[PDB]
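Chemist: for now just these chains, pulled out of the complex without moving them:
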Amino acid sequence: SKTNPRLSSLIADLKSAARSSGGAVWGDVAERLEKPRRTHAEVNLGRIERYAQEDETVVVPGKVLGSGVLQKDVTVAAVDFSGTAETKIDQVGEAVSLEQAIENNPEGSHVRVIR
Amino acid sequence: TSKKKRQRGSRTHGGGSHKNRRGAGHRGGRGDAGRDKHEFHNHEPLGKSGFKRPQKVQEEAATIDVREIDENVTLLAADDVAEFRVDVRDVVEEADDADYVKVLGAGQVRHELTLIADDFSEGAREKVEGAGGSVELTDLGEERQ
Amino acid sequence: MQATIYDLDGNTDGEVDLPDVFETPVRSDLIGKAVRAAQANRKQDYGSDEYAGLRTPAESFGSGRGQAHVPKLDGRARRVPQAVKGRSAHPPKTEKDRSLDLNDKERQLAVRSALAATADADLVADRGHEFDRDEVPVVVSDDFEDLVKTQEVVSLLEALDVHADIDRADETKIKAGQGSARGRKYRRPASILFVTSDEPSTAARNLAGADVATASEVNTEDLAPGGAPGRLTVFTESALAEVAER
Amino acid sequence: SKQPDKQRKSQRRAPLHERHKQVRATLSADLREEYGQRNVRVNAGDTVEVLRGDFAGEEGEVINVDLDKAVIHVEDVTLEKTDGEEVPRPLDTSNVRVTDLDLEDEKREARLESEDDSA
């Protein structure tokens, strides 16, 4: 009963990758997205900066928000980013859509889940 | 299909015995009735407590934590840079219908800051100086004695 | 992307950059919600007379005559819901708020999204429109705004291989139901939407199933009638440009 | 008034002088060219041709015009009663066309000719 056709498609793609490729994060993210919006992740930069590390893609099974400061040069992949978040992140790293992540790494390797 | 939509034919619409859904007696009284008797449970106790000072003898302090200021120093490009120097009064929203602006010391301070505000807390001060900063008290701030 | 501008003869005449908004991801759900709201908000409040069926002193005799305790007057039942001529138990109410709210953001998004659905030849085709063109929307010189005769706009459309859609909308449906008794006897398919810049195309408005709008206030309804994205549209050189900032 | 009920009502209750427009009929190609009007208010003097009923095709002179019932009697357009008598079959001007006009009225002819008024 999701309404967003896009969110719906992302979820189907996340599965196709988790099944075909050896990914497990993708299937993991898919299940959380299938869950009620209220349980989805709403992460600010402060937390990403605190537990992320370079050369390890940050995966947010939700949306990323721009509160706080991010200095580490990391690649963050989320369902969506507030405009401020995506601006602060591209200043020191790279903001990426989950759909790109699934394509540049269907194996879901070297990835860290943050929520 | 919603719940209501499925009620036709149930006779009782989920009310149990048809002798149930009548008047206020099924509610044990109208409104807050029995908040002291049969339904005292989960009602704050009865009684008066304390007092209030006249509304116009009250002062509302506009507050902000150092962490906020600090996290957006660079972003506040439209505010003095020196050996940064920021007049809090110009940062804090609601700083108009406010009897005065006060800086609170929550979070860290990773820059050398010169803060001008009507008031500061110990923590705010220690932290701002600790980062090689200073705290300037406004003329209004001249109300300390 | 590129937009092929057409002259009043139907011949290519240079081309402009298709603004970005036409690239906004098509979100039929949001579109649908904007059309739903627009349609709800123009619905009029109604309800029965507050006193219908209560205008009487009918009383119930109570026990004693082998009669059910129903209010009666002149030996005729009255007032109560189950009686003929009695009150409607839970009738329509003037007080009811039949309007729908919608965040300006969510609404503008749908406008943008509807706009974008316009530049997708497949969608437009699925929505049902009839035409033999590859590029869409149809862009035209501002000289279009000067046309005066409907007939002239027709030739231009026939030359743009889009008249077929008006042929489609050139059929009225006589509805099933009593709407008929209320003045809603007919209904017809929606055809082309003409978006101009200065004023709505007087010359095109009478076209079968056509709707004329202006770039500054063109909305979700005209862009996506019935909440269905992809309406065969024709913008004006200038219109196209204005639309970009909506 | 887009509402059917109101439309029908105003047509049925229109005062007498407003009914003249209900007894109007198209003009032959020639006549339309001659007076620059598409139709005219059928008068008991005009000749007319039946374009739609069971009498379609027949021509005759307009014998009577009833404003209340917005109907006209055309000569020879009749019905056989049980007793053998012949009575007129009312016709709606909408199914009729004027081929000849009775212009004995200065006023009517004047209206017909002018280009700012129609008769």
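Modeler: Cool, got the structure. Numbers count the residues shown, from 1 in each chain, chains lettered A, B, ... in the order given.

Chemist: quick one: the strands in the chain?
Modeler: No chain in the question, so chain A it is. Counting by DSSP state E, chain A forms strands over residues A:41-44, A:57-65, A:75-81, A:94-97, A:111-113, given from the N-terminal end onward.

Chemist: should've been chain D
Modeler: Counting by DSSP E, the strands of chain D are D:24-27, D:39-41, D:47-50, D:59-66, D:71-74, D:78-80, D:86-88, D:96-100.

Chemist: so can I have JSON lines of these showing mean neighbour count and distance to chain C?
Modeler: Heads up, the C-betas are built off the backbone N, CA and C, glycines and all. Converted to JSON lines, these look like this (neighbours: other CB atoms under 10 Å in any protein chain shown; distance: least, CB to the nearest CB, whole Å):
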{"stretch": "strand D:24-27", "mean neighbour count": "21", "distance to chain C": "24"}
{"stretch": "strand D:39-41", "mean neighbour count": "20", "distance to chain C": "23"}
{"stretch": "strand D:47-50", "mean neighbour count": "20", "distance to chain C": "28"}
{"stretch": "strand D:59-66", "mean neighbour count": "16", "distance to chain C": "29"}
{"stretch": "strand D:71-74", "mean neighbour count": "21", "distance to chain C": "26"}
{"stretch": "strand D:78-80", "mean neighbour count": "12", "distance to chain C": "33"}
{"stretch": "strand D:86-88", "mean neighbour count": "12", "distance to chain C": "34"}
{"stretch": "strand D:96-100", "mean neighbour count": "20", "distance to chain C": "27"}
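
Chemist: find the closest residue to chain C in chain D.
Modeler: Among the residues of chain D, residue D:3 lies closest to chain C, at 4.5 Å counting by CB to the nearest CB.

Chemist: which ones are touching that residue?
Modeler: Under the criterion of CB atoms under 8 Å, 6 or more residues apart in numbering or on different chains, the contact partners of residue D:3 comprise C:182, C:183.

Chemist: can you check residue D:74 too?
Modeler: D:48, D:50, D:55, D:58, D:60, D:61, D:62, D:63, D:88, D:91, D:96.

Chemist: attach RNA strand E to the model above:
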RNA sequence: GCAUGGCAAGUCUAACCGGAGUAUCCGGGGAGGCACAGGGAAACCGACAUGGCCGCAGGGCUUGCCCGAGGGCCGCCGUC
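Modeler: Below is RNA strand E, added to the chains above:
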């Protein structure tokens, strides 16, 4: 409370104003509300952008061993 959806340290406009295709609709309007700090009758004061330990999912590795968001158990801080 819940499901879906938009925006996110913010969010939403109300009356009302302009436009117009004239009750829809496009634009404007942040007055004000809730959220962003709490504690205390009041005066008044005013907090962890993370210090430690377990550990699920997930990731990594030389396949038990590391990293371990969320979660749990503590510390520590504001205030009475």
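
Chemist: from RNA strand E, how far out is residue D:81?
Modeler: To RNA strand E, residue D:81 is 53 Å away according to CB to the nearest atom of the strand, to the nearest Å.

Chemist: got it, and residue D:78?
Modeler: Plainly put, residue D:78 is 51 Å away from RNA strand E if you go by CB to the nearest atom of the strand.

Chemist: in the sheet, which residues pair with that residue? Tell me.
Modeler: Note on residue D:78: beta-bridge partners residue D:88, judged by DSSP bridges.

Chemist: residue contacts, it?
Modeler: D:86, D:87, D:88, D:89.

Chemist: and the strands in chain C?
Modeler: Remark: strands of chain C, listed N- to C-terminal, are C:2-6, C:12-17, C:72-73, C:76-77, C:138-140, C:173-174, C:186-187, C:193-196, C:211-214, C:233-236; assignment by DSSP E.

Chemist: burial count for residue 113?
Modeler: No chain was given, so I picked chain A. Using other CB atoms under 10 Å in any protein chain shown, residue A:113 is surrounded by 14 other residues.

Chemist: look at chain C instead
Modeler: Using other CB under 10 Å, residue C:113 has 24 neighbouring residues.

Chemist: from residue C:116, how far off is the nearest residue to it once chain neighbours are set aside?
Modeler: Counting by CB to CB, 6 or more residues apart in numbering or on different chains, residue C:27 is the residue found nearest to residue C:113 once chain neighbours are left out, at 4.6 Å. Note on residue C:27: its distance to residue C:116, by CB to CB, to the nearest Å, is 9 Å.

Chemist: then residue C:79?
Modeler: Residue C:79 is 58 Å from residue C:116, where distance means CB to CB.

Chemist: neighbour count for these two, which is higher?
Modeler: For residue C:79 versus residue C:116, the count of surrounding residues by other CB under 10 Å is larger for residue C:116: 23 against 20.

Chemist: so which of the contacts of residue D:78 would you say is closest to chain A?
Modeler: Using CB to the nearest CB, residue D:89 is the member of these that sits closest to chain A, with 65.0 Å.

Chemist: here is RNA strand F, add it in:
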RNA sequence: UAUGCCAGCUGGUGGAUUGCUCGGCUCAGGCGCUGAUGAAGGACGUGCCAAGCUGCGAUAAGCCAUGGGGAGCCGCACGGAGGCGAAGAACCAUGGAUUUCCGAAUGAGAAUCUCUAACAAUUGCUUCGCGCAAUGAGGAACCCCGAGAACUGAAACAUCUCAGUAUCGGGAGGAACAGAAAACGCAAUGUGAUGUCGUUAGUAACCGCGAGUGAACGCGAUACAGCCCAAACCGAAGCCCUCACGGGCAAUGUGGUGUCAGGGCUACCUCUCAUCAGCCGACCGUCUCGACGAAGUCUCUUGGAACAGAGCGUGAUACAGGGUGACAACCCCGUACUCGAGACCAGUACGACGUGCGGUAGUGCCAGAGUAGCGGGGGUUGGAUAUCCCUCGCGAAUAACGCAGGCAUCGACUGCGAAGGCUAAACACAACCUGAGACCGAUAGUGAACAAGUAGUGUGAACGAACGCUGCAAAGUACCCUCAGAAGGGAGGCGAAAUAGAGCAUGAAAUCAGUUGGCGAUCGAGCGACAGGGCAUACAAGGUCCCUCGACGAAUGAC
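Modeler: Same chains as before, plus RNA strand F:
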């Protein structure tokens, strides 16, 4: 196999159902008072024939004028007879005539009539004469001022609540009311008449501190507008009636000045563009009404009828809606476009006429009393000590004074001048006009689509229904037989259809007559479910089924 059971068929009864809508319901814009110059309402009249409704008033479904309109007409109402209209009728708009009796009802009385000139009654002016005038009553609600419940809630109940609600008395208008601070009190170096809308806020405040009740300043908007007396100083310089003459008012003060940017007075400066009075007087907009207004009524087929199918063609600043013998942009009304008129905005805005604003210095000349204020008692309010009001008693100052800033007193500070008055606009309602609709669609929706506040009930206050649909066209059934017969019936005629024949579209069920299938006068009662047999069955929309044998063959499993 009587009485009879079940199902169906033909006919009926009944009026559901479907379809239709001349009526409702609701929203929205415009507009908005009438009356002694006798209203609103009622009564009785009024037609060739006239019972109801509508109109009208002894000039009685009407008379006259001007404009529109047009060859027809004589209301709903389609009969018979007769008549009117080119001397321009009908019909519509505006204005005018007539306009019985009761009715505020006013000469007096009275159930709509009667008795012998009449503003009855109460008032103002007054030529002190009803001479000149006012009031009265109506109106859908809205508005303002008074009087003021209870059921109910509090799970009982008294304060409290319901609620200043219902109901009552008085009264205005098209809107009312309010209104230019003895204000506010984000306390300020700040705001600046008043309604209203949004918010402030379910906040402050109240309350068997229970249940409940409940603002304001401010802010954002709407619309904006500011003035006149009393007095000081003048002192008849004045006002009303009347054509005039003449009369009346007025020293108990008409009139000038003046009104917190305080004023007056005295001496000065400058000036008028404020204000007040009067003249003129709209645009635009909006609501309604009206004029003009494009393009097929072509072919073949079906049909009673083309507005259907197929084919050919056309307009469109007009493809809203309606009508027309079936689905119509092009057959008719209309619709887009353009144009005109009335009403409202408004005797407003603008323009102009007259007046004269303002400033300095001096001056204790003037500035609203049962008041401000205190006390008793009640009511009301969120108003708590700190709401507003009534009642009883007491009771002040004089701007060098006074009142307010949410307890009292004194001082300071800030604001502001009560006890005189007026005031446009923005807001309420919905009688009236018009528009609109995811409203209802004849047991619905109004009580009322119909004779509807009708028939009918009650002494009376008051109560109060049901009834929509022939057909394209009345072509609404001639003639003949029968009959006591304008009844009914038979035969016949019209129409696509009479099983459309008059409360006549469709025509359900309960149910009735006749009739078909099955059962039936020796037999037992939840009327059936599932199995299996008899008998019965036009087509259609289901096409399967039977027996020998043979293949396969779970659990089970022999003689």
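
Chemist: once more for the contacts of residue D:78, now including RNA strand F?
Modeler: Residues near residue D:78 by CB under 8 Å, 6+ apart: D:86, D:87, D:88, D:89.

Chemist: how does it look with 10 Å?
Modeler: Applying CB atoms under 10 Å, 6 or more residues apart in numbering or on different chains, we find residue D:78 in contact with D:55, D:60, D:85, D:86, D:87, D:88, D:89.

Chemist: same deal with residue A:48?
Modeler: When contacts are counted by CB under 10 Å, 6+ apart, residue A:48 touches A:58, A:60, A:64-65, A:68, A:70, A:72, A:74, A:76, A:78, A:85, A:88-89, A:93, A:112, A:114.

Chemist: just confirm residue B:34 contacts residue B:27, I think it does.
Modeler: Yes: proximity of residue B:34 to residue B:27 meets the contact threshold set by CB atoms under 10 Å, at 9.4 Å.

Chemist: so which of the two has more stuff around it?
Modeler: More neighbours sit around residue B:34 than around the other of residue B:34 and residue B:27, counting by other CB under 10 Å; the figures are 15 against 12.

Chemist: helix/strand/coil for the more buried one?
Modeler: coil (DSSP: H, G, I helix; E, B strand; the rest coil).

Chemist: once you drop chain neighbours, what's closest to it?
Modeler: If you skip the residues right next to it in sequence, residue B:34 has residue B:28 as its closest partner in space, 5.4 Å away by CB to CB, 6+ apart.

Chemist: thought that neighbour was touching residue B:41?
Modeler: No: at 11.1 Å, residue B:28 and residue B:41 do not qualify as touching, with contact defined as CB under 10 Å.

Chemist: identify the contacts common to these two.
Modeler: In the contact map built from CB under 10 Å, 6+ apart, the residues linked to both residue B:28 and residue B:41 are residue B:34.

Chemist: which of the two has more neighbours?
Modeler: residue B:28 (11 against 7).

Chemist: give me the phi and psi for the more buried one.
Modeler: Phi and psi for residue B:28, reported as degrees, to the nearest 10, are phi 70, psi 20.

Chemist: cool, residue B:64 as well?
Modeler: Main-chain torsions, residue B:64, degrees, to the nearest 10: phi -160, psi 140.
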